[PDB]
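> coordinates for the following, if possible.
(chains A and B)
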Amino acid sequence: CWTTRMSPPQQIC
Amino acid sequence: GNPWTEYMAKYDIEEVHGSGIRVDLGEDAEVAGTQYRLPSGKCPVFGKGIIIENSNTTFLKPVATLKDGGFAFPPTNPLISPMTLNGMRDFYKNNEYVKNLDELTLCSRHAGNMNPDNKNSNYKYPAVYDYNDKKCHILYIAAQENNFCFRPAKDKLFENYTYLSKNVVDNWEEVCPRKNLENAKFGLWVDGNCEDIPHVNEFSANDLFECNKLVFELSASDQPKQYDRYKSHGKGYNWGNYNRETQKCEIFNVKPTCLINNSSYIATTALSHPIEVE
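Numbering: from 1, shown residues only, chains lettered A, B, ... in the order given. Please see the structure below:
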């Protein structure tokens, strides 16, 4: 899983 | 004075790229307490891909979820990689600082948007943009040579590929090399005159592509051949004058500071596209 750095922050698994 | 200064700026590879080319590992970054090597060139590398030895799997294939997997990101939800240019522009349509970036920079920023430390880390994955189908591939594996054995190279199969680090500048079109210079020969500006490179290393080459291929092989590398002190910071045999008549690739490791008009030559660099001329 990853977390976006640029807003809006979300999670991508 | 030297009138070539502004024009020749993009060929000061040590300054405008600032890292390895053949193997780019010019920075480090911590992920959960451990340091990792990372690509950090500021220019895109046209035509660069990774050849996977023994195995028949191409390197743009998703990483194994080992010999059956490549270097790229595995499927995600939502699917972030691979992503088309139009897919990326749509993905960032609310961000004015990102949505209008050129395809290469956008691809670089897209890959750099994925934080593996889920605290802020400095780790940003490298990326490959394929001009063929306009797709951005985020590379899960930042490694570039190991001789799972693999190696970097210019190749006909990779000619539409573009290797992108996290530091690809948004004005690479202006300050980075791409096309080869037709009827031109790299030189050194001395006392109001453009002189030849005093010393070159002559490699035979059948065409421009094979010359660009050779220059890449000998170019700046942040990792010793056959597997921080290893950082080149852009220093290396990054340039080559190709004499198409004598079929000689004249490779040298000092930055050129002017151009000589000669219809027998084409000026190439390790960063440059292996085919395109101007």
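
> switch to C-alpha atoms for all contacts and neighbour counts from now on
Will do.

> near chain A, which residues of the stretch 51-200 of chain B are found?
Counting by CA under 8 Å from any CA of the partner chain, the residues of the stretch 51-200 of chain B close to chain A are B:76, B:77, B:78, B:113, B:114, B:115, B:116, B:117, B:118.

> in chain B, where's the longest strand?
strand B:258-269 (DSSP state E).

> what pairs with that strand, and is each one parallel or antiparallel?
strand B:181-190 (antiparallel), strand B:239-243 (antiparallel) (DSSP bridges).

> which of these sits most buried?
Comparing the strands paired with strand B:258-269 by mean neighbour count (mean count of other CA atoms under 10 Å in any protein chain shown), strand B:239-243 comes out on top with a mean of 29.

> okay, it in CSV with CA atoms only?
The C-alpha trace of strand B:239-243 is given here as CSV (Å, rounded to 0.1, in the frame of the first residue of the first chain):
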residue,chain,number,x,y,z
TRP,B,239,29.5,12.6,-25.5
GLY,B,240,30.4,11.2,-28.9
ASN,B,241,31.1,12.6,-32.4
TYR,B,242,29.9,10.2,-35.0
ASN,B,243,31.7,10.3,-38.4
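
> distance between the helix or strand following that strand and the chain's centre?
Using DSSP states H and E, the helix or strand that follows strand B:239-243 in sequence is strand B:248-252. When distances are taken as CA atoms, centre = their mean, to the nearest Å, strand B:248-252 is centred 19 Å away from the chain's centroid.

> report all helices and strands that strand B:248-252 contacts.
If contacts are counted by 3 or more CA pairs under 8 Å, 6 or more residues apart in numbering or on different chains; DSSP states H and E, strand B:248-252 sits against strand B:201-204, helix B:208-218, strand B:239-243.

> please consider this matter closed, and thank you.
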